[PDB]
Amino acid sequence: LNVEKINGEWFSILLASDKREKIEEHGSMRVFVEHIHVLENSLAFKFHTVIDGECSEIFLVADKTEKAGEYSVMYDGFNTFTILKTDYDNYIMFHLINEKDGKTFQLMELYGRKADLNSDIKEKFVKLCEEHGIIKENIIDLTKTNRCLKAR
Ligand SMILES: CCCCCC(C)=O
Ligand SMILES: [Cl-]
Ligand SMILES: [Cl-]
């Protein structure tokens with residue numbers, strides 16, 4: 001992966017977890033990406049999220065860890081993530097593990113360079129989720145949600 005090539009603007013399209021509450025409407029992980037800035041040994045993210053019906057911003061910096069390809073960031077506990085698949089100019093898929101109180105759950109995210117992606121790419125993401133034990137019912141199509149696009 002040439003991580004520089006993931007720099008720039010992105011939109012959150014599909015959001016999936018094995019702990020569904022975390023990505024439901026008031027969940028901590030129901031966040032909508034606006035950009036990823038690639039720095040020397042980190043990735044700087046800007047998100048939106050909805051809190052009590054109002055759009056709000058979250059900025060996070062993830063550091064490279066000792067494992068190649070892996071990044072870590074503190075947000076509602078301790079997260080580690082990797083990039084699973086990308087073509088840089090259309091889609092990117094992330095896999096994240098959150099730890100809190102010694103318990104874990106997975107998040108998978110499909111982002112697009114535009115506000116939607118075609119059915120083929122979405123279906124591929126769905127099968128990758130399932131490969132990770134994230135069942136179809138636990139994958140949310142954020143294009144049918146408030147993604148705070150107007151705050152962008
Ligand atoms: C929301 C905490 C993790 C942020 C970075 C990713 C991969 O979404
Ligand atoms: Cl939550
Ligand atoms: Cl929206």
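Just the heavy atoms: all of them, side chains too, but no hydrogens, waters or symmetry mates, feed the values below. For this chain, numbers begin at 1 and follow the sequence in order.
A centroid separation of less than 6.0 Å is found between the aromatic rings of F45 and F81.
Residue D76 forms a salt bridge (charged side-chain N to carboxylate O under 4.0 Å, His left out) with just one option from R30, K103, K22, and that option is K22. For the side-chain contact (heavy atoms from CB on, under 4.5 Å) with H95, the lone residue among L128, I83, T82, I134 that qualifies is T82. In summary, of the residues considered (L1, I6, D87), a side-chain contact (heavy atoms from CB on, under 4.5 Å) with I92 occurs for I6 alone.
With hydrogens and angles disregarded, no donor-acceptor distance shorter than 3.5 Å links the side chain of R147 to the backbone of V31.
Taking the centre and axis of the six-membered ring of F11, the NZ or CZ atom of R152 falls inside the cone set by 45° and 6.0 Å.
Residues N90 and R113 have side chains not in contact (no heavy-atom distance under 4.5 Å, counting atoms from C-beta outward). In this structure, the side chains of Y71 and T80 stay at 4.5 Å or more apart for every pair of heavy atoms. Taking 4.5 Å as the limit, every side-chain heavy atom of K122 sits out of range of all side-chain heavy atoms of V126. The closest side-chain heavy-atom distance from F94 to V33 is not below 4.5 Å.
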- [ ] Run the numbers on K64 and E70 for salt bridge (charged side-chain N to carboxylate O under 4.0 Å, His left out), then give the verdict.
- [x] CA-CA 6 Å; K64 280 186 191 183; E70 197 169 62; over 6 Å; no

Open item on the list: Could you go through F47 and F32, starting from their C-alpha distance and side-chain angles, then the distance that decides it, and tell me whether this counts as ring pair (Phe, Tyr, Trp, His ring centres under 6.0 Å)?
Closed with: CA-CA 5 Å; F47 300 91; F32 316 113; 9.0 Å; no

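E131 and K127 are not joined by a salt bridge, as no carboxylate oxygen comes within less than 4.0 angstrom of a charged side-chain nitrogen.
Under the 4.5 Å side-chain heavy-atom criterion for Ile, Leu, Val, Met, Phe, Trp and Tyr, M29 and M74 are members of distinct hydrophobic clusters.
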